[PDB]
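Peer 1: This is the structure I have questions about; it appears just below.
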Amino acid sequence: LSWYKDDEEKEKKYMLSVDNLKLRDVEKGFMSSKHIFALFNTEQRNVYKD
């Protein structure tokens, strides 16, 4: 999984994996509208750069 600042596909600072990951939601009190869910991993330390 990658994240770019534009559509030209030239950011490529870091490419985040997909397999061996977990999923949680944000803490209570936060406004999901704009639904934000957090990625982390309990098996590995691959978050990445939490």
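Following the order of the structure tokens, chains are lettered A, B, ..., residues in each are numbered from 1, and ligands are numbered from 1.
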Got a sec: who's within 9 Å of residue 15 (chain A), counting only C-alpha atoms, leaving out chain neighbours fewer than 3 positions off, as JSON, numbers by chain?
Peer 2: {"A": [1, 2, 3, 12]}
Peer 1: Report as an MDAnalysis selection string all protein, DNA and RNA residues lying within 10 Å of region 22-33 of chain A, evaluated on only C-alpha atoms, omitting residues in the same chain fewer than 3 positions from it.
Peer 2: chainID A and resid 18:19 36:44 46:47
Peer 1: Write a file of the just-selected residues containing N, CA and C atoms, as a tab-separated table (two decimals), in the first residue's frame.
Peer 2:
```
chain	number	residue	atom	x	y	z
A	18	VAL	N	0.53	-4.84	3.57
A	18	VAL	CA	-0.87	-5.13	3.81
A	18	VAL	C	-1.04	-6.40	4.65
A	19	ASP	N	-0.33	-7.46	4.29
A	19	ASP	CA	-0.42	-8.69	5.05
A	19	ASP	C	0.26	-8.52	6.41
A	36	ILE	N	-12.12	7.56	10.43
A	36	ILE	CA	-10.70	7.28	10.55
A	36	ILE	C	-10.52	6.01	11.36
A	37	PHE	N	-9.77	5.07	10.80
A	37	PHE	CA	-9.45	3.81	11.44
A	37	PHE	C	-7.93	3.67	11.44
A	38	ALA	N	-7.39	3.13	12.52
A	38	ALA	CA	-5.94	3.06	12.70
A	38	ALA	C	-5.41	1.68	12.36
A	39	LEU	N	-4.24	1.66	11.73
A	39	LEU	CA	-3.55	0.42	11.40
A	39	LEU	C	-2.30	0.30	12.25
A	40	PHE	N	-2.05	-0.91	12.68
A	40	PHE	CA	-0.95	-1.24	13.58
A	40	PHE	C	-0.74	-2.74	13.40
A	41	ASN	N	0.13	-3.31	14.22
A	41	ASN	CA	0.26	-4.76	14.19
A	41	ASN	C	0.67	-5.21	15.57
A	42	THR	N	0.07	-6.31	16.01
A	42	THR	CA	0.40	-6.91	17.29
A	42	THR	C	1.45	-8.00	17.12
A	43	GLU	N	1.39	-8.71	15.99
A	43	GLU	CA	2.40	-9.70	15.64
A	43	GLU	C	3.76	-9.04	15.41
A	44	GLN	N	3.81	-8.09	14.48
A	44	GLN	CA	5.03	-7.38	14.10
A	44	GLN	C	4.96	-5.91	14.52
A	46	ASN	N	5.49	-3.64	12.29
A	46	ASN	CA	5.18	-2.91	11.07
A	46	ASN	C	3.86	-2.17	11.26
A	47	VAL	N	3.95	-0.86	11.40
A	47	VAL	CA	2.79	0.01	11.59
A	47	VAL	C	2.45	0.81	10.31
```
Peer 1: Of the candidates A:4, A:35, A:16, A:9, which shows the shortest atom-to-atom distance to residue 48 (chain A), using only C-alpha atoms?
Peer 2: A:16
Peer 1: Pull the strand (DSSP E or B) assignments for chain A out of DSSP run on the backbone, and list those residues as a compact mmCIF listing (two decimals) with N, CA, C and O atoms, in the first residue's frame.
Peer 2:
```txt
# COMPACT_ATOMS: atom_id res chain seq x y z
N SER A 2 0.59 2.20 -0.85
CA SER A 2 1.41 3.40 -0.95
C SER A 2 0.55 4.64 -0.80
O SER A 2 -0.66 4.61 -1.06
N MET A 15 6.48 2.57 1.31
CA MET A 15 5.40 1.71 0.85
C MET A 15 5.02 0.78 1.99
O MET A 15 5.85 -0.01 2.45
N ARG A 24 -7.86 -1.22 14.08
CA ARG A 24 -8.64 -0.71 15.19
C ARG A 24 -9.28 0.58 14.71
O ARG A 24 -9.02 1.06 13.61
N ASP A 25 -10.13 1.15 15.54
CA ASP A 25 -10.72 2.44 15.23
C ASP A 25 -10.03 3.48 16.11
O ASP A 25 -9.20 3.15 16.96
N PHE A 37 -9.77 5.07 10.80
CA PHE A 37 -9.45 3.81 11.44
C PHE A 37 -7.93 3.67 11.44
O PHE A 37 -7.28 4.05 10.47
N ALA A 38 -7.39 3.13 12.52
CA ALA A 38 -5.94 3.06 12.70
C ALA A 38 -5.41 1.68 12.36
O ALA A 38 -6.03 0.65 12.68
```
